[PDB]
Amino acid sequence: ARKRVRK
Amino acid sequence: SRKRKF
Amino acid sequence: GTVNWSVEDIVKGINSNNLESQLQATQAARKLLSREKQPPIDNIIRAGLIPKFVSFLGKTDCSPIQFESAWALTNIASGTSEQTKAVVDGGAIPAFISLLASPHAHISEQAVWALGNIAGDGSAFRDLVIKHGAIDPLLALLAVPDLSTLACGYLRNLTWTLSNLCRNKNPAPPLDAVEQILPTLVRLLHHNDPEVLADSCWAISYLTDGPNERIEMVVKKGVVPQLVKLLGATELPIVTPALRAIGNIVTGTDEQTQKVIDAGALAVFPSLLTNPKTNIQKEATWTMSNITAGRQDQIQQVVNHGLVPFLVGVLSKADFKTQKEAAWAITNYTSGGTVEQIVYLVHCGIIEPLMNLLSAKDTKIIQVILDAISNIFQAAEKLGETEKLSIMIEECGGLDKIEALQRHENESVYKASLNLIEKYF
């Protein structure tokens, strides 16, 4: 994964 | 020579 | 509360001259940007909130607004390259780097995450994050006697951000940055957390994908034995990057390939060449093809480990891409191998699947297969058994395939097929 969203 | 990179 | 705010209410709160109202509005924005479905990133950008979030990043006297703005900007930087670019244009990189040293662990973690997203956008933003001086504080965060004293999520985030700093090419990361990062990355490669291990292996795989000098940089740190250990792991998320790194390394010089072989990697390839995951099989066969392109003693190590029957197997039945990698491996084997080794290859049953694959609709595989046939025939000539091999190729229906190939569209293909039919049939 190149970018990850924080949820 | 015969090596193939990714 | 702070859930389901309108972008207009968030704007009104952030535009107030009240740091606490600004904090509540920023928290509402964070919650909007943490939605699982269609986070309104573009609407938040169009409202011009990124500069305000970046300014909030510097409010040391209000750590909650620091954390909330860092979270919002992280989620904005997680989307399209245009959105990450909007985050970078607001001056976020130096603010996040300054935040890395925050006394609050969660804020420093959020800064690490944001920098990871920005760097993962691409090589330009990666090198810009490096130029702003992120590596020194990032590594200082991991300067502990035992990594096990750090929070699991903290360590995973740091490892992933470092991996992104090792990622992408055109250009590859600056050599000095790689030298600065490698020691810590090796320490992480010896950590006992599967996610840390997987991301560290991914980083190593990035660093080994390029010119042989990069491979040497990595190999000099002695990571090959650990890479082989991880290659034997049970978790696919670990085996995949470990196999990628091993393959990359065996793309290099004969001595780097030999370092891979000395670590015992070949003993793992019986499983890898039969792995139920198609990608694992494909990359393992690609690795085997690069190993059979090595020296004759290395081909002999392939033989001794009983791997030729496994190449015969993947050539007989596998995904077509894996079969093409296997054909490449066979051609390299026959090009570099001794006469005895090619005879052994024939004795393991290569001719029938090799011939069956000549009916493929891919020119390149046909070429490769024909070069392999020519090499095996040369060995036969040396042993004076060309007619035996011709009979073996006829009985399995290969002569029909070559005669049909004589009328192929490509020029090299029909040239080679005709040459075989004229020299041996």
# chains A, B, ... in the order shown; residues from 1 in each chain; ligands from 1
$ residues_around --residues "residue 1 in chain B" --least-positions-apart "6" --cutoff "10 Å" --atoms "only C-alpha atoms" --output "tab-separated table (two decimals) with C-alpha atoms, in the first residue's frame"
chain	number	residue	atom	x	y	z
C	251	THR	CA	19.36	-10.55	-10.92
C	252	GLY	CA	22.84	-9.21	-10.09
C	253	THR	CA	26.37	-10.56	-10.36
C	293	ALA	CA	21.57	-17.86	-16.05
C	294	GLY	CA	24.52	-18.07	-13.64
$ residues_around --residues "residue 5 in chain A" --least-positions-apart "3" --cutoff "8 Å" --atoms "only C-alpha atoms" --output "ChimeraX atom specification"
/C:34,74-75,78
$ select_by_dssp --residues "range 247-385 of chain C" --states "alpha helix (DSSP H)" --output "number ranges by chain"
C: 247-250, 254-262, 269-272, 278-292, 296-304, 308-316, 320-336, 339-347, 351-356, 363-383
$ write_last_selection --atoms "C-alpha atoms" --output "compact mmCIF listing (two decimals), in the first residue's frame"
# COMPACT_ATOMS: atom_id res chain seq x y z
CA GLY C 247 14.84 -12.56 -6.96
CA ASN C 248 16.11 -8.99 -7.27
CA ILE C 249 19.39 -10.02 -5.65
CA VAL C 250 19.87 -12.96 -8.03
CA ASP C 254 27.35 -14.20 -9.99
CA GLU C 255 28.77 -13.47 -6.52
CA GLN C 256 25.51 -11.98 -5.22
CA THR C 257 23.60 -14.95 -6.63
CA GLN C 258 26.16 -17.16 -4.89
CA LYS C 259 25.52 -15.36 -1.60
CA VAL C 260 21.84 -16.23 -2.07
CA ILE C 261 22.69 -19.87 -2.80
CA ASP C 262 25.07 -20.17 0.17
CA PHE C 269 12.06 -23.63 -3.81
CA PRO C 270 10.33 -27.04 -3.83
CA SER C 271 7.49 -25.34 -1.95
CA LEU C 272 7.75 -22.01 -3.76
CA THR C 278 0.09 -17.91 -8.70
CA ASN C 279 2.26 -14.85 -8.06
CA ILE C 280 4.55 -16.80 -5.72
CA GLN C 281 4.99 -19.53 -8.33
CA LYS C 282 5.66 -16.96 -11.06
CA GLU C 283 8.26 -15.00 -9.10
CA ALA C 284 9.92 -18.19 -7.84
CA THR C 285 10.26 -19.44 -11.41
CA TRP C 286 11.64 -16.03 -12.44
CA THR C 287 14.20 -16.34 -9.62
CA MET C 288 15.06 -19.85 -10.81
CA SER C 289 15.50 -18.57 -14.37
CA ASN C 290 17.93 -15.91 -13.17
CA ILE C 291 19.80 -18.55 -11.16
CA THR C 292 20.08 -20.85 -14.19
CA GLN C 296 27.85 -23.89 -14.22
CA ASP C 297 28.47 -24.64 -10.54
CA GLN C 298 25.29 -22.71 -9.75
CA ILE C 299 23.31 -24.70 -12.32
CA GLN C 300 24.83 -27.74 -10.62
CA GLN C 301 23.54 -26.54 -7.25
CA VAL C 302 20.10 -26.19 -8.86
CA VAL C 303 20.47 -29.80 -10.02
CA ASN C 304 21.67 -31.10 -6.65
CA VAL C 308 14.94 -29.57 -12.31
CA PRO C 309 11.88 -31.84 -11.83
CA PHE C 310 10.06 -28.86 -10.32
CA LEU C 311 10.87 -26.74 -13.37
CA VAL C 312 9.57 -29.61 -15.52
CA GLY C 313 6.42 -29.54 -13.40
CA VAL C 314 5.74 -25.82 -13.74
CA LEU C 315 6.46 -26.12 -17.47
CA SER C 316 3.89 -28.94 -17.64
CA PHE C 320 0.92 -19.19 -18.56
CA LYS C 321 3.15 -16.44 -17.14
CA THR C 322 4.79 -18.98 -14.83
CA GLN C 323 5.21 -21.31 -17.82
CA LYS C 324 6.96 -18.50 -19.71
CA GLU C 325 9.30 -17.91 -16.77
CA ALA C 326 9.98 -21.66 -16.75
CA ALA C 327 10.79 -21.60 -20.47
CA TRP C 328 13.21 -18.74 -19.79
CA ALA C 329 14.80 -20.81 -17.02
CA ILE C 330 15.18 -23.81 -19.34
CA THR C 331 16.78 -21.69 -22.06
CA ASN C 332 19.24 -20.10 -19.62
CA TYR C 333 20.04 -23.56 -18.23
CA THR C 334 20.73 -24.93 -21.71
CA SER C 335 22.74 -21.85 -22.71
CA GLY C 336 25.08 -21.94 -19.71
CA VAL C 339 26.59 -31.28 -21.74
CA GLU C 340 26.02 -33.58 -18.76
CA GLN C 341 23.63 -31.04 -17.25
CA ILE C 342 21.59 -30.73 -20.46
CA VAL C 343 21.44 -34.53 -20.70
CA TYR C 344 20.16 -34.64 -17.12
CA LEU C 345 17.57 -32.01 -18.04
CA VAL C 346 16.37 -34.18 -20.93
CA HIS C 347 16.23 -37.24 -18.66
CA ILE C 351 11.05 -32.32 -24.04
CA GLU C 352 7.34 -33.14 -23.90
CA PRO C 353 6.13 -30.03 -21.98
CA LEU C 354 8.63 -27.84 -23.84
CA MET C 355 7.07 -29.04 -27.11
CA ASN C 356 3.50 -28.74 -25.83
CA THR C 363 5.83 -15.11 -30.05
CA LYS C 364 8.42 -14.59 -27.31
CA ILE C 365 7.81 -17.96 -25.63
CA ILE C 366 8.12 -19.67 -29.01
CA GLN C 367 11.46 -17.97 -29.63
CA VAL C 368 12.73 -18.89 -26.15
CA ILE C 369 11.63 -22.51 -26.58
CA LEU C 370 13.35 -22.74 -29.97
CA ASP C 371 16.64 -21.43 -28.54
CA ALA C 372 16.36 -24.07 -25.80
CA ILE C 373 15.76 -26.77 -28.42
CA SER C 374 18.77 -25.57 -30.41
CA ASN C 375 21.00 -25.71 -27.33
CA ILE C 376 19.82 -29.21 -26.40
CA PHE C 377 20.43 -30.26 -30.00
CA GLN C 378 23.97 -28.86 -29.81
CA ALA C 379 24.60 -31.01 -26.74
CA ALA C 380 23.20 -33.99 -28.66
CA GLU C 381 25.58 -33.23 -31.54
CA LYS C 382 28.47 -33.28 -29.08
CA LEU C 383 27.30 -36.69 -27.84
$ atom_distance --atom1 "CA of residue 218 in chain C" --atom2 "CA of residue 175 in chain C"
11.2 Å
$ residues_around --residues "residue 11 in chain C" --least-positions-apart "2" --cutoff "10 Å" --atoms "only C-alpha atoms" --output "list in words"
residues 6, 7, 8, 9, 13, 14, 15, 16, 22, 25, 26, 29, 44, 47, 48, 49 and 52 of chain C
$ interface_residues --of "chain B" --to "chain C" --cutoff "6 Å" --atoms "only C-alpha atoms" --output "ChimeraX atom specification"
/B:2-3,5
$ write_last_selection --atoms "C-alpha atoms" --output "PDB file, in the first residue's frame"
ATOM      1  CA  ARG B   2      21.133 -13.432 -19.456  1.00  0.00           C
ATOM      2  CA  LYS B   3      19.845 -11.997 -16.169  1.00  0.00           C
ATOM      3  CA  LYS B   5      15.574  -7.636 -14.016  1.00  0.00           C
TER       4      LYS B   5
END
$ atom_distance --atom1 "CA of residue 413 in chain C" --atom2 "CA of residue 388 in chain C"
23.8 Å
$ interface_residues --of "chain C" --to "chain A" --cutoff "9 Å" --atoms "only C-alpha atoms" --output "PDB file with N, CA and C atoms, in the first residue's frame"
ATOM      1  N   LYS C  31     -13.232  14.001  11.460  1.00  0.00           N
ATOM      2  CA  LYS C  31     -14.250  12.957  11.435  1.00  0.00           C
ATOM      3  C   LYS C  31     -14.878  12.841  10.053  1.00  0.00           C
ATOM      4  N   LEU C  33     -13.289  13.463   7.260  1.00  0.00           N
ATOM      5  CA  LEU C  33     -12.264  12.857   6.420  1.00  0.00           C
ATOM      6  C   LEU C  33     -11.933  11.428   6.825  1.00  0.00           C
ATOM      7  N   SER C  34     -12.455  10.953   7.953  1.00  0.00           N
ATOM      8  CA  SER C  34     -12.289   9.568   8.371  1.00  0.00           C
ATOM      9  C   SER C  34     -13.461   8.688   7.957  1.00  0.00           C
ATOM     10  N   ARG C  35     -14.431   9.236   7.228  1.00  0.00           N
ATOM     11  CA  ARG C  35     -15.551   8.435   6.753  1.00  0.00           C
ATOM     12  C   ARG C  35     -15.053   7.321   5.842  1.00  0.00           C
ATOM     13  N   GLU C  36     -15.683   6.151   5.954  1.00  0.00           N
ATOM     14  CA  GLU C  36     -15.298   5.031   5.102  1.00  0.00           C
ATOM     15  C   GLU C  36     -15.685   5.271   3.648  1.00  0.00           C
ATOM     16  N   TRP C  71      -4.115  14.522  11.653  1.00  0.00           N
ATOM     17  CA  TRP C  71      -4.996  13.453  11.189  1.00  0.00           C
ATOM     18  C   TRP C  71      -5.727  13.861   9.914  1.00  0.00           C
ATOM     19  N   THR C  74      -3.278  13.972   7.068  1.00  0.00           N
ATOM     20  CA  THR C  74      -2.919  12.608   6.701  1.00  0.00           C
ATOM     21  C   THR C  74      -3.979  12.001   5.798  1.00  0.00           C
ATOM     22  N   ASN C  75      -5.252  12.180   6.157  1.00  0.00           N
ATOM     23  CA  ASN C  75      -6.316  11.597   5.345  1.00  0.00           C
ATOM     24  C   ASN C  75      -6.457  12.313   4.007  1.00  0.00           C
ATOM     25  N   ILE C  76      -6.145  13.609   3.951  1.00  0.00           N
ATOM     26  CA  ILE C  76      -6.125  14.292   2.659  1.00  0.00           C
ATOM     27  C   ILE C  76      -4.969  13.778   1.809  1.00  0.00           C
ATOM     28  N   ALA C  77      -3.793  13.600   2.416  1.00  0.00           N
ATOM     29  CA  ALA C  77      -2.619  13.110   1.703  1.00  0.00           C
ATOM     30  C   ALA C  77      -2.728  11.645   1.313  1.00  0.00           C
ATOM     31  N   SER C  78      -3.791  10.959   1.724  1.00  0.00           N
ATOM     32  CA  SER C  78      -3.972   9.547   1.424  1.00  0.00           C
ATOM     33  C   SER C  78      -4.660   9.299   0.087  1.00  0.00           C
ATOM     34  N   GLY C  79      -5.132  10.339  -0.584  1.00  0.00           N
ATOM     35  CA  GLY C  79      -5.912  10.204  -1.805  1.00  0.00           C
ATOM     36  C   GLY C  79      -5.081  10.407  -3.054  1.00  0.00           C
ATOM     37  N   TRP C 113       2.973   9.062   9.936  1.00  0.00           N
ATOM     38  CA  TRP C 113       1.992   8.569   8.972  1.00  0.00           C
ATOM     39  C   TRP C 113       1.820   9.541   7.808  1.00  0.00           C
ATOM     40  N   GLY C 116       4.690   9.466   5.593  1.00  0.00           N
ATOM     41  CA  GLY C 116       4.657   8.242   4.812  1.00  0.00           C
ATOM     42  C   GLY C 116       3.762   8.365   3.595  1.00  0.00           C
ATOM     43  N   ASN C 117       2.560   8.912   3.784  1.00  0.00           N
ATOM     44  CA  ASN C 117       1.662   9.126   2.650  1.00  0.00           C
ATOM     45  C   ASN C 117       2.312  10.034   1.606  1.00  0.00           C
ATOM     46  N   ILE C 118       2.841  11.175   2.056  1.00  0.00           N
ATOM     47  CA  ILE C 118       3.424  12.142   1.129  1.00  0.00           C
ATOM     48  C   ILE C 118       4.559  11.499   0.338  1.00  0.00           C
ATOM     49  N   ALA C 119       5.460  10.798   1.031  1.00  0.00           N
ATOM     50  CA  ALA C 119       6.582  10.161   0.350  1.00  0.00           C
ATOM     51  C   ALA C 119       6.109   9.051  -0.581  1.00  0.00           C
ATOM     52  N   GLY C 120       5.058   8.328  -0.191  1.00  0.00           N
ATOM     53  CA  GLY C 120       4.545   7.260  -1.024  1.00  0.00           C
ATOM     54  C   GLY C 120       3.865   7.745  -2.281  1.00  0.00           C
ATOM     55  N   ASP C 121       3.492   9.026  -2.332  1.00  0.00           N
ATOM     56  CA  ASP C 121       2.937   9.559  -3.574  1.00  0.00           C
ATOM     57  C   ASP C 121       3.853   9.285  -4.767  1.00  0.00           C
ATOM     58  N   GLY C 122       5.155   9.487  -4.605  1.00  0.00           N
ATOM     59  CA  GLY C 122       6.070   9.274  -5.707  1.00  0.00           C
ATOM     60  C   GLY C 122       7.478   9.701  -5.353  1.00  0.00           C
ATOM     61  N   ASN C 164       8.328   3.411   2.474  1.00  0.00           N
ATOM     62  CA  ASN C 164       7.956   4.352   1.421  1.00  0.00           C
ATOM     63  C   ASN C 164       9.125   5.255   1.051  1.00  0.00           C
ATOM     64  N   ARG C 167      11.045   3.438  -1.462  1.00  0.00           N
ATOM     65  CA  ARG C 167      10.259   2.936  -2.577  1.00  0.00           C
ATOM     66  C   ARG C 167      10.426   3.799  -3.826  1.00  0.00           C
TER      67      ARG C 167
END
$ closest_residue --among "C:92, C:158, C:245, C:393" --to "residue 188 in chain C" --atoms "only C-alpha atoms"
C:158
$ atom_distance --atom1 "CA of residue 97 in chain C" --atom2 "CA of residue 174 in chain C"
18.7 Å
$ residues_around --residues "range 132-148 of chain C" --least-positions-apart "5" --cutoff "9 Å" --atoms "only C-alpha atoms" --output "PyMOL selection string"
chain C and resi 93-94+96-98+100-101+112+115+127+155+158+161-162+165+177+180-181+184+187-188+191-192
